[PDB]
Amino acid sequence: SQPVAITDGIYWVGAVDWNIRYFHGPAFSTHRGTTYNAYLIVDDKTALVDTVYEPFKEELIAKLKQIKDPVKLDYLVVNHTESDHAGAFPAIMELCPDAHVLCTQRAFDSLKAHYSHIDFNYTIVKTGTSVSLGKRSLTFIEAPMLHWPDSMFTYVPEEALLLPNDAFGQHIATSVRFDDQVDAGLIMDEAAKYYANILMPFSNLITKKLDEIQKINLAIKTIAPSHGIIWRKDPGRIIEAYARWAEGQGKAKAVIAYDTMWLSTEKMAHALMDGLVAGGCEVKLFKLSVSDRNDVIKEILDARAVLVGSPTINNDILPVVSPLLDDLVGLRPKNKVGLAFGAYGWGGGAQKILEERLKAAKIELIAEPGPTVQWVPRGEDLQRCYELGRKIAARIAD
């Protein structure tokens, strides 16, 4: 209910969404909810950075009024037009029709598309343009595809405060607002789940953007994302983390995702695992119909190997395995080795689909025609799987 000061004149005025469990419709699971962060910069001219998910507009406005009641608002920065950030746009614009919109070109187009019965003063911004608010100013950095075509970061030079919007965020609901009030390991784990399921496809753009910011030699003292905790005590950790994850070097770890109807594919999954562990590799084993797809993807971010298994039903793969595959193809895991495996009763069929989808995900198969068994595995079948796991381990080496 109460706004939170990041520093004098700069306040957090977002909303905490405790009960949300799924974001992007079904796409992302938020075991602990999330927050919609919006920032108010007070000065000779006051600016509001981003808004809030429509169902929480009241909270935004209520918090704005607690800072100054007849909400002033000279500028309204729109870093991103998804809906969790621009949903309260109409309400804000209705509250301050004179507010001046600062956004990218693609942003402006999206804004007219999603709302379009709303007129407003504006100025298309580009990397480098800067508006003054008086004592402080806000300069912009375009971030195309750093999630969306309209993405962009807002920087406040006078404070060395970066407002990346989605980048560097984590989906987690807390009544506490800063990284120094939360467990280091838990918040970094949420940050990894976030990156892995949303930013993985743009890892190359992440490094480029990190370098650009590196060259310009931007002084970042605090990072305030649009979701989750604000990195005020140690922005370096999250920046180094993004660099490591975007580089994609990985860790001597392997993730095995699979499912079975009668356990054969499972026994193969187990043999593969034993080989991988014997080869000195950490293994995470996921039976898909009982695991969370987003938690599996999070593990794959650091993995150097991805093994996916499934029996064949009606000449196709088991439907529970489909989500993970179509999700990998779209997420485009970087620098990963893989293997497909599974049982069958007569003609087979799942192995081709598995390898097809794994290659479409640009995952290099450690073996054309991966392990396959008819009905049940026998001693040598499991031995071969064990050797294969040992082979993958040798390659993931480290």
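Heads up: residue numbers just count along the shown sequence, starting at 1.
Taking the PDB entry as given, 41-49 carries the higher mean Cα B factor of the two stretches 24-32 and 41-49. A summary of the deposited B-factors shows that, of 131-139 and 311-319, the stretch with the larger mean C-alpha value is 131-139. The PDB entry assigns the greatest CA B-factor among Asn197, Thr265, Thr104, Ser291 to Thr104.
Among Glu94, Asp179, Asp189, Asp274, the highest C-alpha B-factor recorded in the PDB entry belongs to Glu94. Ranked by C-alpha B-factor against the other modelled residues of its chain, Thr123 falls in the highest third.
Sorting the modelled residues of the chain by their CA temperature factor places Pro225 in the lowest third.
For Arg304, the recorded CA temperature factor ranks within the lowest third of the chain's modelled residues. Annotation for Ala160: C-alpha temperature factor in the highest third relative to the rest of the modelled chain, per the entry. Per-chain ranking of the deposited C-alpha B factor places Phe108 in the highest third.
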